[PDB]
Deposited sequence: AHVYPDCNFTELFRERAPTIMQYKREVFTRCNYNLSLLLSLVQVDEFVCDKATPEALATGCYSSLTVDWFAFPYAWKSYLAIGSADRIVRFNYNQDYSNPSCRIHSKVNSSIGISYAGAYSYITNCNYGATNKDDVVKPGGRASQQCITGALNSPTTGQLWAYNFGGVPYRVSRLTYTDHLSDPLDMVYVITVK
């Protein structure tokens, strides 16, 4: 389809991950995997070969930068802060790709890449958990963007409702062939 944006200089964070929906295209997965190397292909209810054969109504790809060592934190069944307050995966539609992208392909690595570690709210200390296929709320992100990188829990007031949020970076865990995560769902 048009995958010139998937492999572009801006590499999105977990707190603010990016995605696209591709329609009315002839897919070319065999090039995507030739342009960048893949270390792991982990997918339920579908196979690496199945995704390369046949046309589908809609293709959705979500992506963000993320260190390999933390791969278990995106696992199904995980109760980690990374998956709970930022990126919940959609398991209602059949693939997590761990792919190192060579510095020869203009992808940069700049900015304090981060994810939300906590986002409570109200007198219930109720948590603000991200629904599968969704994104962290504007209120959680706005607070987190003004937090220290040391993970302190700070109070904010958003529209009359109190929130206690914290943010933690992983800006240090980078390599020239930076490790990125892509998630593919096929309709």
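**Student:** Can you list the gaps, numbered from 1 on the deposited sequence, where no C-alpha is modelled?
**Tutor:** Sequence ranges with no C-alpha atoms are 1-6, 101.
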